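Every number for a ligand or one of its atoms is a count from 1 in the order of the listing. Below, read A as the first sequence line, B as the second, and so on, with proteins coming before strands; counting in each chain starts at 1.
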Amino acid sequence: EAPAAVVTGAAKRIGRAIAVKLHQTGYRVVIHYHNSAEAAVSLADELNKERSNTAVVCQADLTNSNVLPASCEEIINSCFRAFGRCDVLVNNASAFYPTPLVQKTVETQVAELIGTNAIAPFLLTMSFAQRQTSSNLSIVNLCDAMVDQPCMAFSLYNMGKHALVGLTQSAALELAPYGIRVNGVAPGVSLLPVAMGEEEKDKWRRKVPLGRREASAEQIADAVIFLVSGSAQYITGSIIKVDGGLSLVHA
Amino acid sequence: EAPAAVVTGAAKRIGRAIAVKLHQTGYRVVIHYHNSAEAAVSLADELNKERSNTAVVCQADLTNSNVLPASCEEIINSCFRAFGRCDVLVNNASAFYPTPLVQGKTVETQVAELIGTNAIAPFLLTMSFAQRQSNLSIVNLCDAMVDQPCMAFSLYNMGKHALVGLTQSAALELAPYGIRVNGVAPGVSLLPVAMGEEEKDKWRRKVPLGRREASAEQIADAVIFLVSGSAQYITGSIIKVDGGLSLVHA
Amino acid sequence: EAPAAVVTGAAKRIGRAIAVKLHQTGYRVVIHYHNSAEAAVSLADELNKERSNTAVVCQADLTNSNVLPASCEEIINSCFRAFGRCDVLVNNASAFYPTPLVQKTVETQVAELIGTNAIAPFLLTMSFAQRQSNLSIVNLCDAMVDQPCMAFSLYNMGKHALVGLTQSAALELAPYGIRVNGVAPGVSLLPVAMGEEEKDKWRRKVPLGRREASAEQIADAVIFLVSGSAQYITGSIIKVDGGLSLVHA
Amino acid sequence: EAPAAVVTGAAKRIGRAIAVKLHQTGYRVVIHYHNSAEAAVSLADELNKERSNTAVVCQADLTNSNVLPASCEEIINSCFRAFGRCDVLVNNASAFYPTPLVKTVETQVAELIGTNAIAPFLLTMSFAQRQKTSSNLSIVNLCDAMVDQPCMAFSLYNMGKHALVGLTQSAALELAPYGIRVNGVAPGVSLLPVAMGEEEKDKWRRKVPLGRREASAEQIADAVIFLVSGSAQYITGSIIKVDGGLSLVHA
Ligand SMILES: NC(=O)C1=CN([C@@H]2O[C@H](COP(=O)(O)OP(=O)(O)OC[C@H]3O[C@@H](n4cnc5c(N)ncnc54)[C@H](OP(=O)(O)O)[C@@H]3O)[C@@H](O)[C@H]2O)C=CC1
Ligand SMILES: NC(=O)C1=CN([C@@H]2O[C@H](COP(=O)(O)OP(=O)(O)OC[C@H]3O[C@@H](n4cnc5c(N)ncnc54)[C@H](OP(=O)(O)O)[C@@H]3O)[C@@H](O)[C@H]2O)C=CC1
Ligand SMILES: NC(=O)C1=CN([C@@H]2O[C@H](COP(=O)(O)OP(=O)(O)OC[C@H]3O[C@@H](n4cnc5c(N)ncnc54)[C@H](OP(=O)(O)O)[C@@H]3O)[C@@H](O)[C@H]2O)C=CC1
Ligand SMILES: NC(=O)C1=CN([C@@H]2O[C@H](COP(=O)(O)OP(=O)(O)OC[C@H]3O[C@@H](n4cnc5c(N)ncnc54)[C@H](OP(=O)(O)O)[C@@H]3O)[C@@H](O)[C@H]2O)C=CC1
Ligand SMILES: Nc1cc(N)nc(N)n1
Ligand SMILES: Nc1cc(N)nc(N)n1
Ligand SMILES: Nc1cc(N)nc(N)n1
Ligand SMILES: Nc1cc(N)nc(N)n1
């Protein structure tokens with residue numbers, strides 16, 4: 001049978017491009033969403049028109065809470081229910097906003113920023129592993145090429161992305177005996193935030209050495225496709241920067 | 001007037017050595033503790049006998065919860081109540097235990113303890129310290145092995161990576177206030193009290209520089225340097241104090 | 001119409017596997033070699049049998065010396081002479097042996113370990129850029145660069161210098177459309193001279209599979225980085241190490 | 001009996017400040033110099049006025065060449081002949097100028113890779129060969145906090161400074177059994193060229209989060225003094241950034 005993948009935050013932007021490219025590669029896909037039901041279903045409709053019964057949607061809030069472990073177990077379960085297997089987990093869903101150190105409650109911001117970017121990937125990783133040859137099992141975490149030169153006033157976001165690097169490495173070591181590889185893709189500037197102004201976006205584009213433009217979502221997805229492929233069978237614990245050289249540029 | 005410091009998890013082991021060395025350098029200290037009340041009170045008594053009214057204790061659970069922000073605000077308030085200022089914060093308190101990915105505490109309690117103590121509480125204490133504000137600095141106790149982690153310690157490792165992120169992000173953001181933010185990263189220092197001697201010696205034998213763990217004082221010496229005037233231009237730096245351990249391959 | 005690639009130290013082992021996989025991908029290839037003339041000519045014969053006029057050999061010593069720039073210029077020139085273009089450079093050739101700090105001359109060790117692993121890549125990069133679509137350079141790095149083998153100081157210095165070159169050249173050549181990336185093996189093909197017991201010792205250290213990477217696994221990462229699927233990637237070093245660099249002492 | 005230190009490139013700027021602070025700490029010093037003989041002698045005379053017979057000069061070109069190993073052996077020998085011991089080596093001397101990818105290039109290699117990396121390596125060999133519980137032996141290499149966000153067109157300089165990181169780590173591992181520690185100090189923006197226009201200096205100063213100014217040579221020297229002290233006796237293989245946060249600043 002075809003392998004199956006879960007992509008979190010898959011209704012739009014980078015997660016959608018990842019789901020599309022996995023599907024084009026021959027995967028059946030679980031399209032996870034929180035608020036974007038109409039977009040999730042629109043994508044599933046598009047993929048199922050290409051190949052019947054090869055895409056399902058799955059709703060969950062990935063904010064940390066007392067119920068997050070059960071939510072994460074249910075996302076993994078949805079893949080096994082639809083497809084009978086779950087070969088690939090892509091932890092793409094992410095909250096992103098500033099949290100100044102000097103003046104939503106701060107503890108809500110913790111639950112969102114550290115929940116979506118680190119704790120939910122951790123719980124999904126546990127559930128994915130618990131449910132596990134010619135198999136090619138792997139997890140890809142969407143990281144951030146600027147983790148070591150962070151945006152001003154983004155402490156909690158940066159802490160969450162750092163925690164995700166730690167998860168990538170710890171899980172790669174711990175799951176290697178099961179043949180599960182765990183890797184990351186770290187975009188620099190890709191699709192800019194919808195809310196961001198045009199002038200601010202051009203400011204970011206101009207800093208990129210390679211072509212003075214942001215990565216398309218498809219360019220990010222290309223690195224994910226490589227890491228889940230048979231061409232990456234010895235690669236685990238690696239984080240591939242896809243940033244056009246941005247992280248190499250000094251202040 | 002003498003400067004004052006908050007040290008978290010200061011009743012025993014490395015946090016006590018830090019509080020003692022700060023005290024010996026001339027600081028007044030807040031000795032934070034969670035469960036180790038007798039040890040905390042014993043240390044404050046020793047320091048106060050050395051120079052009166054130079055040490056207080058402050059109790060707090062640093063597990064993450066909706067009241068953790070108020071707890072962290074209260075630890076910093078305790079320093080200002082006792083001493084009228086707060087010059088230095090050392091984020092030392094830490095939970096440390098395995099959380100295997102494949103199979104008493106629920107996973108959400110493990111998250112609240114391992115990520116709370118190692119990362120969120122340092123973050124909220126950093127916010128409270130900065131909000132209340134000369135040689136001001138914060139020192140975070142990091143881990144030199146963050147990129148070659150112990151098997152089955154994923155949540156602990158996530159929390160220490162988050163602490164690196166806080167160290168860098170806060171150094172950038174608080175530099176305009178003249179608050180420096182740095183880290184000290186031990187390799188093997190005081191082994192866990194529950195560990196048997198044979199298992200302790202396994203760890204000792206790994207260390208290139210002398211095949212022994214760091215003393216608590218050796219860790220404290222790096223903290224003392226980073227809060228001193230000899231580190232006035234240093235911010236966002238994490239000093240490994242690991243005897244070469246992190247350079248040793250498999 | 002076919003693009004062309006230079007691979008250094010391409011007669012045997014990982015460089016051979018990279019030359020073969022590039023050729024299978026559609027590249028014309030310059031097979032650089034130093035001493036392995038028979039193996040180099042054998043490979044070119046094999047590739048030319050598959051598609052005529054798609055492989056040549058090029059001999060050069062990559063030890064540092066005052067004529068190394070000319071030698072590196074000549075390797076790049078050989079690609080233009082044979083194929084009229086040079087799209088890809090793979091810096092694979094490398095000397096590897098211990099240089100203990102406490103007791104060939106040391107100056108020869110420096111010329112060989114720093115020359116092959118760092119200075120020749122730099123001069124090849126210069127000549128590649130000066131002579132100039134999907135242009136790219138791939139440097140073979142070492143995943144163990146921050147947990148070095150005991151008594152391999154000069155080797156480790158050369159591989160750290162190569163990381164520096166990868167990043168510096170990525171920045172400097174980005175405006176010309178040339179991407180510069182690295183692939184960092186952990187343990188791949190073990191040295192021919194190493195005993196079976198030591199080989200097994202290294203294999204047992206690797207989390208993912210308890211075995212070394214095949215040369216083909218390393219080549220597969222090189223293929224990705226030169227491909228259209230990596231056209232926004234520059235300055236990146238991909239570890240291909242089965243988790244080895246994550247394992248504590 | 002007083003310990004002794006070799007400082008390379010000690011006639012001016014950072015190396016001068018290191019030599020002065022070591023002398024103030026109680027060390028006898030070898031002031032290595034290449035071209036600045038007048039300044040090296042002037043420093044030796046100042047230090048000897050403070051305490052007789054505590055400073056000597058040693059001239060050597062640290063460009064790589066057939067004779068560089070002999071030169072580096074001589075520098076260490078000079079400390080033993082003057083003072084009967086050599087406790088500390090500070091590899092401070094450094095060439096710094098652009099080498100665009102698009103003086104012969106082999107001269108540039110000899111100067112940039114020889115000063116910044118090969119001479120430190122040969123000095124390290126000579127230091128260790130001479131030592132083959134009051135003792136506190138250590139080497140401090142002057143590294144660069146911006147090594148992973150390099151200046152445009154400085155490839156050979158950056159390669160040399162990355163090689164020096166490798167030396168620091170490799171030598172820490174290998175010399176640990178002899179009780180020799182090996183560490184680094186990595187400045188960001190420190191003493192700028194006096195001839196550099198103040199407009200350009202200000203461009204660099206405004207980049208630095210902590211104080212919007214460059215480090216003094218004394219601030220760099222303070223980190224060296226810590227690393228060679230009794231307070232750093234478990235520290236080996238560590239590189240301390242002294243950069244005011246500059247390396248954390250994104251493009
Ligand atoms: N875009 C860029 O430039 C960069 C991206 N990255 C990383 O790449 C990945 C994708 O980035 P991008 O496409 O911009 O991401 P977005 O900011 O567009 O967020 C992706 C999705 O995450 C989901 N999400 C947000 N909060 C929650 C929550 N509480 N519960 C569940 N799902 C949630 C949302 O799904 P829904 O819409 O269904 O509510 C959202 O559509 C992320 O991990 C990001 O950090 C890293 C660096 C730069
Ligand atoms: N020891 C070592 O070898 C290493 C240490 N480090 C780091 O150095 C620092 C000191 O290490 P060490 O002395 O071994 O630390 P310990 O494990 O001894 O813990 C220090 C203190 O943390 C406090 N703590 C634990 N959980 C909580 C909580 N929920 N709320 C509040 N306080 C809490 C405890 O206070 P109480 O006793 O009052 O309950 C404890 O005494 C830590 O950050 C550690 O991660 C890093 C690498 C190795
Ligand atoms: N094998 C492994 O486990 C690992 C490999 N790597 C890196 O991967 C790359 C390939 O590794 P591997 O295949 O083992 O390499 P080898 O050790 O097999 O060397 C590759 C080739 O380099 C050439 N070479 C050596 N010295 C010189 C010189 N003075 N002038 C010119 N060429 C020279 C030789 O060519 P000839 O035979 O023609 O004389 C040799 O065949 C290297 O850069 C290596 O550092 C990194 C980590 C681990
Ligand atoms: N200044 C800064 O902002 C920064 C400095 N650093 C590092 O800190 C250290 C000190 O910096 P700084 O004081 O500015 O250094 P300088 O550029 O002033 O150079 C120091 C000395 O190196 C010596 N030197 C140069 N070339 C040779 C050679 N061929 N042979 C022997 N000695 C030579 C020269 O000695 P002489 O005058 O006797 O000929 C020179 O005075 C260096 O390693 C530097 O890379 C790192 C980052 C930034
Ligand atoms: N770094 C980013 C950017 C962005 N636009 N969205 C997320 N979730 N993370
Ligand atoms: N890394 C460690 C070791 C230890 N013994 N305790 C804590 N909190 N952290
Ligand atoms: N050149 C080489 C050969 C080899 N066998 N291993 C390494 N790291 N490099
Ligand atoms: N990084 C630098 C700056 C500078 N002025 N001199 C040297 N040798 N290195």
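Neither the backbone nor the side chain of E113(B) has a heavy atom within less than 4.0 Å of ligand 2. Residue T115(D) touches ligand 4 through its side chain alone, judged by heavy-atom distances below 4.0 Å. With a heavy-atom cut-off of 4.0 Å, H32(D) touches ligand 4 through its side chain alone. Residue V189(D) touches ligand 4 through its backbone alone, judged by heavy-atom distances below 4.0 Å. Counting heavy atoms closer than 4.0 Å to ligand 4, residue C143(D) contributes backbone atoms (N, CA, C, O) but none from C-beta onward. At a heavy-atom distance under 4.0 Å, atoms from both the backbone and the side chain of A93(B) approach ligand 2.
Of all the atoms in ligand 7, the ones that sit under 4.0 Å from a non-hydrogen atom of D142(C) are 8 (N). Proximity to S94(C) (heavy-atom distance under 4.0 Å) selects the following atoms of ligand 7: 1 (N), 2 (C). Close approach to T63(B) involves these atoms of ligand 2, each under 4.0 Å from a residue heavy atom: 29 (N). Below 4.0 Å from some heavy atom of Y155(C) lie the following atoms of ligand 7, by number and element: 7 (C), 8 (N), 9 (N). Numbered from 1 in the order shown, with element, the atoms of ligand 4 that lie under 4.0 Å from a heavy atom of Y33(D) read 38 (O). Close contacts between ligand 7 and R13(C) involve ligand atoms 5 (N) [criterion: under 4.0 Å to a heavy atom]. Of all atoms in ligand 4, listed by their number and element, those nearer than 4.0 Å to a heavy atom of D61(D) are 28 (C), 29 (N), 30 (N).
Evaluated by nearest non-hydrogen atom to atom 33 (C) of ligand 2, the leading choice among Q59(B), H34(B), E38(B) is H34(B). The heavy atom nearest to atom 30 (N) of ligand 4, considering only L62(D), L191(D), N116(D), is found in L62(D). In the candidate list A39(B), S94(B), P122(B), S94(B) is nearest to atom 17 (O) of ligand 2, counting heavy atoms.
The closest protein non-hydrogen atom to atom 34 (C) of ligand 2 is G9(B) CA, 4.7 Å. Regarding atom 9 (C) of ligand 2, its nearest protein heavy-atom neighbour is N92(B) OD1, 3.3 Å. Closest protein heavy atom to atom 3 (O) of ligand 2: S189(B) N, 2.8 Å. Among all non-hydrogen protein atoms, the one lying nearest atom 6 (N) of ligand 2 is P186(B) CG, 3.8 Å. What sits closest to atom 11 (O) of ligand 2 on the protein, heavy atoms only, is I14(B) CD1, 3.6 Å. Nearest to atom 36 (P) of ligand 2 among the protein's heavy atoms is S36(B) OG, 3.4 Å. For atom 39 (O) of ligand 2, the closest non-hydrogen atom of the protein is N35(B) N, 3.0 Å. With respect to atom 41 (O) of ligand 2, the closest heavy atom belonging to the protein is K12(B) CE, 4.3 Å.
Note that NZ of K12(C) and CG of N35(C) are 8.5 Å apart. Values are rounded to the nearest 0.5 Å. Separating the CE atom in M196(D) from the CG atom in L191(D) is a distance of 11.5 Å, to the nearest 0.5 Å.
For atom 27 (C) of ligand 2, the nearest protein heavy atom lies under 4.0 Å away.
Summarising the local packing, NZ of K207(D) is surrounded by more than 12 heavy atoms from other residues, nucleotides or ligands at distances under 6.0 Å. Residue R213(D) places its CZ atom among 12 or fewer non-hydrogen atoms of other residues, nucleotides or ligands, all under 6.0 Å distant.
By the 6.0 Å and 45° rule, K160(B) does not stack over the aromatic ring of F153(B). Relative to the six-membered ring of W204(D), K201(D) misses at least one condition, a distance below 6.0 Å or an angle of at most 45° to the axis.
Ring-plane geometry between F96(B) and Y156(B) is classed as perpendicular, the angle between the planes exceeding 60 degrees on a 0 to 90 degree scale with a lower cut at 30.
A side chain to side chain contact (heavy atoms under 4.5 Å, CB included) with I118(D) is found for one member of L123(D), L164(D), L68(D) and no other, namely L68(D).
Look at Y156(B) and you'll find a heavy atom under 4.0 Å from some atom of ligand 2. At least one heavy atom of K161(D) lies less than 4.0 angstrom from ligand 4. Using 4.0 Å as the threshold, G187(B) has a heavy atom nearer than that to some atom of ligand 2. Residue-ligand proximity: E213(B) is placed with every non-hydrogen atom at 4.0 Å or more from ligand 2. Under the 4.0 angstrom criterion for non-hydrogen atoms, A60(B) is in contact with ligand 2.
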Next on the checklist: Using side chain to side chain contact (heavy atoms under 4.5 Å, CB included), reason through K21(B) and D221(B) one step at a time and then give a plain yes or no.
Outcome noted: CA-CA 8 Å; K21(B) 200 169 289 293; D221(B) 280 332; 3.2 Å; yes
Item to check | Intermediate values then yes/no, side chain to side chain contact (heavy atoms under 4.5 Å, CB included), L141(B) and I18(B) | outcome: CA-CA 11 Å; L141(B) 271 289; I18(B) 295 168; 4.1 Å; yes
Checklist entry - How far apart are the C-alpha atoms of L62(C) and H34(C), what are their side-chain angles, what is the distance that settles it, and do they pass the side chain to side chain contact (heavy atoms under 4.5 Å, CB included) test? => result CA-CA 8 Å; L62(C) 296 180; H34(C) 175 214; over 6 Å; no
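Counted by atom type alone, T8(D) and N92(D) present zero donor-acceptor pairs between their side chains at under 3.5 Å.
Judged purely by atom type and a 3.5 angstrom limit, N183(D) uses its side chain to pair as donor or acceptor with the backbone of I235(D). No donor-acceptor pair under 3.5 Å is formed between the side chain of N117(C) and the backbone N or O of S94(C). The main-chain N or O of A95(B) is found under 3.5 Å from a side-chain atom of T117(B) such that the two form a donor-acceptor pair. For the pair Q149(D) (side chain) and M146(D) (backbone), a donor-acceptor distance under 3.5 Å is absent. At distances below 3.5 Å, not a single donor-acceptor pair connects side-chain atoms of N140(B) with backbone N or O atoms of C142(B).
At least one N/O-N/O distance between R13(B) and ligand 2 falls below 3.5 Å.
Annotation: side chain of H160(C) is in contact with side chain of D146(C) (closest heavy-atom distance under 4.5 Å).
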